[PDB]
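Colleague: My sequence and its experimental structure, below.
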Amino acid sequence: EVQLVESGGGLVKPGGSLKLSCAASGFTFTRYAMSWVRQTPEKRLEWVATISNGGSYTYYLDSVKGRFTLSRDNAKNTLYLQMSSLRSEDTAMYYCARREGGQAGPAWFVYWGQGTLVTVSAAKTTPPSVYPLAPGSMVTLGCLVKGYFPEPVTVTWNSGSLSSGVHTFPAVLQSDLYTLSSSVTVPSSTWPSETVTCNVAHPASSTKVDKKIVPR
Amino acid sequence: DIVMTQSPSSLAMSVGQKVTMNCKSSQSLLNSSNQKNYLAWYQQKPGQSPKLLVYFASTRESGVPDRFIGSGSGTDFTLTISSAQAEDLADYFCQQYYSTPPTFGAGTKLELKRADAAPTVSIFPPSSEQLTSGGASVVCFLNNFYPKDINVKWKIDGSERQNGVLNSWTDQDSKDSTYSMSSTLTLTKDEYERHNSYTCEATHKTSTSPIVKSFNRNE
């Protein structure tokens, strides 16, 4: 199968630099042009750069010309995006993608990487506070993930054993920090007789928290 | 810089019915040397990368179900879903590759229609952990309702409270086509301790009958 595994996103101050990586497998890498496409917080797709099969020709969006540098290691099947003098307007989810057709000029993208998030902010990394939500047929439990920065956090229930009946809500900004919540709905016979734990991860702060929902 | 305009911004249709999404460009994308249009369609579901559905205006990517049809020429293009399924909930983007820079449209969100459904409302007192640190978040879930319009009201000891409320909506559920909403009332510990009853109310404009869930700090 074709896989585009990205890595390297994170928080960076305005004016700083950051290098994204895109590891490719499952196709003849040297026979395809590669591209970077970013998506803004309002879900707006935006082509950033494209590099030819051998790297001799690069093309850049005008907004990034002279600040970002595309490069590829055809021996290691790896695509790189070196970003420098970063501005807040560069904050976005960054995708690598394979320019389809193997020809001169732009084209469509069939294979996309999973995306890595780049946050350009002077705010400091802050771990979340995770609080259990317990009630004072089916029973709804929750946990509150409050006051973290930057995005993202990942919330699971019983380490992914509880997938159905889960609602993890998008984060909102409050006092320059993010807060989200997640609910899980289980049968009455499950809780509280069994154990329901919400697992919260905040990779930017290396935070890994499990909160068991205990009755009131 | 070719401008890709997608109309409308959102589309609502029932399961099994036909969806038609429009995309307007600024220049002809047809190449008269091989008679092909330089347009592509992408489907992006919540939390996922965009996925190519149609390239060259009407060529369907290997693996895309037959219900996705692309059509158009010049500056007006169409993505047709002959019968919308529950999984087809997504944001659909068009993209031109006629001239650098490749540009995308703002996207058209596909919403599914279904029968009205009242929210399942749950209210949660602040945890003792948060109270020890001086905080008091009162959380209310309004889960699996339809349609999307729903207004939450908070009352403290019977009086409405509007400050300190933050709301969050999920994307439409790809199984039952419902929406869910989270409403957090963030108070200080001191103010939370100064009152007893906290009430979360789910209302909608078409009715005067809310759905109410409350608790008492003392009992």
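Modeller: Cool, the structure landed. Numbers count the residues shown, from 1 in each chain, chains lettered A, B, ... in the order given.
Colleague: quick one: residue B:18 from residue A:39, how far?
Modeller: Using C-beta to C-beta, to the nearest Å, residue B:18 is found at 28 Å from residue A:39. For every residue, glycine as well, the C-beta is placed using N, CA and C.
Colleague: Between these two, which is the more surrounded one?
Modeller: Using other C-beta atoms under 10 Å in any protein chain shown as the criterion, residue B:18 and residue A:39 rank with residue A:39 on top: 21 against 13.
Colleague: Can you list the residue ranges for helices in chain A?
Modeller: Remark: helices of chain A are absent; assignment by DSSP state H.
Colleague: Residue ranges of each domain in it, please.
Modeller: As assigned by curated CATH domains, chain A contains the domains A:3-120, A:129-213.
Colleague: Give me the distance between the two termini of the longest one.
Modeller: Its start and end residues considered, domain A:3-120 measures 27 Å (C-alpha to C-alpha, to the nearest Å).
Colleague: what about that domain and chain B, any contact?
Modeller: Yes - residues of domain A:3-120 contacting chain B under C-beta under 8 Å from any C-beta of the partner chain: A:43-47, A:59, A:61-62, A:95, A:100, A:105-110, A:112-115.
Colleague: Now the buried members of those.
Modeller: The neighbour count (16 or more other C-beta atoms under 10 Å in any protein chain shown) marks A:45-47, A:59, A:61, A:95, A:100, A:106-110, A:112-115 as buried among the residues of domain A:3-120 next to chain B.
Colleague: Let's verify residue B:190: helix, strand, or coil?
Modeller: helix (DSSP: H, G, I helix; E, B strand; the rest coil).
Colleague: That one and residue B:174, how far apart?
Modeller: From residue B:190 to residue B:174 the distance is 43 Å (C-beta to C-beta).
Colleague: Compare these two (neighbour count), which wins?
Modeller: More neighbours surround residue B:174 than the other of residue B:190 and residue B:174, with 15 against 9 (other C-beta under 10 Å).
Colleague: That one and residue A:215: what is the separation?
Modeller: Using C-beta to C-beta, residue B:174 is found at 32 Å from residue A:215.
Colleague: again, but for residue B:200
Modeller: 20 Å.
Colleague: can you check residue A:68 too?
Modeller: Taken as C-beta to C-beta, the span from residue A:68 to residue A:215 is 53 Å.
Colleague: Those two: which is more packed in?
Modeller: residue A:68 (22 against 8).
Colleague: which ones are touching the more buried one?
Modeller: Shown in contact with residue A:68 (C-beta atoms under 8 Å, 6 or more residues apart in numbering or on different chains): A:48, A:49, A:60, A:81, A:82, A:83, A:84.
Colleague: Can you flag which of the residues you listed belong to strands?
Modeller: A:48, A:49, A:60, A:81, A:82, A:83 (DSSP state E).
Colleague: Out of those residues, who's the most crowded?
Modeller: Top of these by neighbour count (other C-beta under 10 Å): residue A:81, with 26 neighbours.
Colleague: Next, the contact list for that residue, please.
Modeller: A:19, A:20, A:22, A:36, A:48, A:49, A:68, A:69, A:70, A:94, A:96.
Colleague: Residue A:9 is in contact with the second one, correct?
Modeller: Pointing back at residue A:20 there. Yes - counting by C-beta atoms under 8 Å, residue A:20 does reach residue A:9; the two are 6.4 Å apart.
Colleague: Next, show the common contact partners of these two.
Modeller: Joint contacts of residue A:20 and residue A:9 (C-beta under 8 Å, 6+ apart) are A:94, A:116, A:118.
Colleague: what would the residues you listed look like in JSON lines with neighbour count?
Modeller: Below are these laid out as JSON lines (neighbours: other C-beta atoms under 10 Å in any protein chain shown):
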{"residue": "A:94", "neighbour count": "23"}
{"residue": "A:116", "neighbour count": "20"}
{"residue": "A:118", "neighbour count": "21"}
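Colleague: quick one: which of the residues you listed sit in strands?
Modeller: Per DSSP E, the shared contacts of residue A:20 and residue A:9 map to strands at A:94, A:116, A:118.
Colleague: residues contacting the first one?
Modeller: Shown here is residue A:94, whose contacts under the criterion C-beta under 8 Å, 6+ apart are A:6, A:9, A:20, A:36, A:37, A:38, A:48, A:81, A:115, A:116, A:117, A:118.
Colleague: Am I right that the fourth one is in contact with residue A:98?
Modeller: No - in this structure, residue A:36 sits apart from residue A:98 without contact. The criterion is C-beta under 8 Å, and the distance is 11.3 Å.
Colleague: neighbour-wise, which of these two wins?
Modeller: residue A:36 (27 against 24).
Colleague: That one bridge partners, please.
Modeller: residue A:49, residue A:96 (DSSP bridges).
Colleague: dump the residue contacts of it.
Modeller: A:20, A:47, A:48, A:49, A:50, A:70, A:79, A:81, A:94, A:95, A:96, A:97.
Colleague: Which of those lies at the shortest distance from chain B?
Modeller: residue A:47 (4.4 Å; C-beta to the nearest C-beta).
Colleague: ok, and the closest non-adjacent residue to that closest one?
Modeller: The shortest distance from residue A:47 to any non-neighbouring residue, by C-beta to C-beta, 6 or more residues apart in numbering or on different chains, is to residue B:102 (4.4 Å).
Colleague: The one you found contacts residue B:42, correct?
Modeller: No - using C-beta under 8 Å, residue B:102 is not in contact with residue B:42; the gap is 11.7 Å.
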